[PDB]
Amino acid sequence: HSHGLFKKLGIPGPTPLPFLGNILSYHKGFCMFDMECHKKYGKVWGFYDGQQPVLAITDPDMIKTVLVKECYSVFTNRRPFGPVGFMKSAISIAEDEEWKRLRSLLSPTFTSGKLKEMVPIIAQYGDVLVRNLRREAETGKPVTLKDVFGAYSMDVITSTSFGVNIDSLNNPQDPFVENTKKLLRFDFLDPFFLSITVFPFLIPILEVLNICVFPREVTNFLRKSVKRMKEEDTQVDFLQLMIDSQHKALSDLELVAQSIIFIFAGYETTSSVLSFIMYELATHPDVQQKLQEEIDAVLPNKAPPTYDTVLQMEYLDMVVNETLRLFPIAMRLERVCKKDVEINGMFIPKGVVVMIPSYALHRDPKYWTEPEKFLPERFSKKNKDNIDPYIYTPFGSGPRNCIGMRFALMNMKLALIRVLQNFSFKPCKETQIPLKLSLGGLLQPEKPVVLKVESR
Ligand code: HEM
Ligand SMILES: CC(C)C[C@H]1C(=O)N2CCC[C@H]2[C@]2(O)O[C@](NC(=O)[C@@H]3C=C4c5cccc6[nH]c(Br)c(c56)C[C@H]4N(C)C3)(C(C)C)C(=O)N12
């Protein structure tokens, strides 16, 4: 859509350039762009990703209408996305009735009931993380978190996806490990994705040549793996649960598409959040101590964490939430406007991408006292009442929110519990303070986080 849409509707925004739109304003990443646009333009603004119009919204009533009230009718889909091949069937990429059907099929799979049955499996790799952690501390030397937390994230991934039990950090040559590893989140400011934003007319050329953004080698490998783990003796993983739910039914290709997208959805995200959490805990030693005291109180002398004990830990839950306030690694939620609507007094035309800038709202002075400050007390039970759930959106909201939210929390918390029970984390002189964010399209630190690990 032409660069004249937002002026035509009287909506403010950075003036776009011919062809590029506003992409040159991303030279400091999505988060800084979004903060700046918010401070200079107000409650609503418009900008262009190449030819594509994007309208940013910040009013919580309007946000609710997009994410919740008009999800099925008008705002069903994420922005159209590069060449995807058979991954068009992955729930996160799927559209309209195909989406509604896969969400309906995959919902039972993410119950709390199922998640409880998955707990022992997840906990088991907590112990593997601890054992590993022990050694790279007993050594001495600063620890790289993305590495220790990367391996942990994959270990839970493999075993919870289909019972491939592997010590990922001490088997960095296992082909299953070295293939899954390649399912990292897309940096949409990298040269390929920039090019595709400015030349989106080239995507169908890429689809016909089978050039896919999920590398062919990796998805080939997994499709082949899943087929063979499927075919027999029968004596609790995502595959099994999907196998069983096979308009309804779940077809074969669709099944593998989900198995891949759970990896990609879960892998770099969990690991990234875990590293942020540790960063904050190390730079706030009092918060770290307080967390360890709550853990020792609930699980006396290092008792194994359980579904129920995890859920009782209030301060743990507060620490996790406040980290996700500061580092909401999705950055933004988006929905395509399927048809002209008028929402809370404002006309949004067909085809616009409506964007909710979580990162900016999470640090908004209007909603948050000293926004740049890590303060878990924000979430204390008698203080969290004034947290608006359309301003704080780390897992998004509505029918299309994170389907893996309770799983991701449970996973992250089971890790933190086992780590904190055994260790304390302290900054090195090599630790970057204060933390600086990457200028690329992912929310992550500029340099990796390294910290000293010490047995308690
Ligand atoms: C680790 C921390 C995680 C965070 C912060 C996170 C955040 C998000 C966000 C912001 C969305 C977009 C929702 C929206 O548009 O409103 C999303 C969607 C999604 N998440 Fe997560 N996520 C995490 C982990 C996971 C995990 C472990 C899984 C494993 C299955 C997962 C599966 C998905 C899927 C499939 C979607 C798309 C759902 C749909 O389109 O219907 N996520 N997540
Ligand atoms: C790409 C899909 C398949 C992954 C899906 C998902 O499964 N997720 C799991 C956890 C996080 C979430 C996801 O990566 O995070 C999501 N974010 C995105 O993928 C957003 C989509 C973008 C995009 C797609 C296509 C062309 C583009 N040009 C430009 Br400029 C951008 C862009 C910005 C980019 N933003 C900032 C992120 C949601 C928070 C909206 C998302 O859609 N994800």
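Any value given below was found using the heavy atoms of this structure, including those in side chains, with hydrogens, waters and symmetry copies removed. For the single chain, residues carry numbers from 1 onward in sequence order.
Counting heavy-atom neighbours within 6.0 Å of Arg185 CZ, excluding the residue itself, gives a total above 12. No more than 12 heavy atoms of other residues, nucleotides or ligands lie within 6.0 Å of CZ in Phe19, so this atom counts as exposed by the packing criterion.
For the residue pair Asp174 and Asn171, no side-chain donor N or O sits within less than 3.5 Å of a side-chain acceptor on the partner. In this structure, a donor-acceptor pair under 3.5 Å is present between the side chains of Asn344 and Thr65. Between the side chains of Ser272 and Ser275, no donor-acceptor pair is found at a separation under 3.5 Å. Between the side chains of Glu254 and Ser251, at least one donor N or O lies within less than 3.5 Å of an accepting N or O. In this model, a donor atom of one side chain and an acceptor atom of the other lie less than 3.5 Å apart for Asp96 and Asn77. Judged by distance alone, the side chains of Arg223 and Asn220 never bring a donor and an acceptor atom under 3.5 Å apart. Inspection of the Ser73 and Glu70 side chains reveals an N or O donor paired with an N or O acceptor under 3.5 Å. Side-chain atoms of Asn132 and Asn170 form a donor-acceptor pair, as typed in the model, at a separation below 3.5 Å. Looking at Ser168 and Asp155, their side chains do bring a donor and an acceptor atom within 3.5 Å of each other.
Side-chain atoms of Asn22 come within 3.5 Å of backbone atoms of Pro14 as a donor-acceptor pair (strictly under, hydrogens ignored). Under a 3.5 Å cut-off, the side chain of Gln432 and the backbone N or O of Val449 do not form any donor-acceptor pair.
A ring pair (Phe, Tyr, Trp, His ring centres under 6.0 Å) with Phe407 is found for one member of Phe110, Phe238, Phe395, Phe262 and no other, namely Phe238.
Between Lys28 and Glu36 a salt bridge is recorded (basic side-chain N to carboxylate O distance below 4.0 Å). With respect to the salt-bridge test (charged N to carboxylate O, under 4.0 angstrom), the residues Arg332 and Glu334 qualify. In this structure, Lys114 does not pair ionically with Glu117, as no charged nitrogen and carboxylate oxygen lie closer than 4.0 Å. Using a cut-off of 4.0 Å between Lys/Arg side-chain N and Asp/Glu carboxylate O, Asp252 and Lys227 are scored as not salt-bridged.
Listed by chain and residue number, nothing satisfies the ring pair (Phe, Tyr, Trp, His ring centres under 6.0 Å) test with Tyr390 (two or more places apart in sequence, or in another chain). The salt bridge (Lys or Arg N to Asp or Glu O under 4.0 Å) test applied to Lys64 returns no partner, not counting sequence neighbours. Residues satisfying the ring pair (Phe, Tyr, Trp, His ring centres under 6.0 Å) test with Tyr392, not counting sequence neighbours, are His362, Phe379. By the salt bridge (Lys or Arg N to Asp or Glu O under 4.0 Å) test, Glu322 pairs with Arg325, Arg378, sequence neighbours left out. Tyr125 meets the ring pair (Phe, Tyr, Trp, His ring centres under 6.0 Å) test with no other residue; sequence neighbours excluded.
When all heavy atoms of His3 and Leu17 are compared, the closest pair comes out as CE1-O, 2.9 Å.
For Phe214 and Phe264, the distance between ring centers is under 6.0 angstrom. Aromatic pair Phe188/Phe81: ring centres closer than 6.0 Å.
Residue pairs meeting the ring-ring contact (aromatic ring centres under 6.0 Å, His included) criterion with at least one member in residues 306-335, sequence neighbours excluded, are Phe276-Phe327.
Ring pair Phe176/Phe221 is perpendicular by interplanar angle, where above 60° counts as perpendicular and below 30° as parallel. Between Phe33 and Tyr26, the ring-plane angle classifies as perpendicular under the 30° and 60° cut-offs.
Contact of the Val119 side chain with the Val310 side chain is not registered, since no non-hydrogen atoms from C-beta on lie closer than 4.5 Å.
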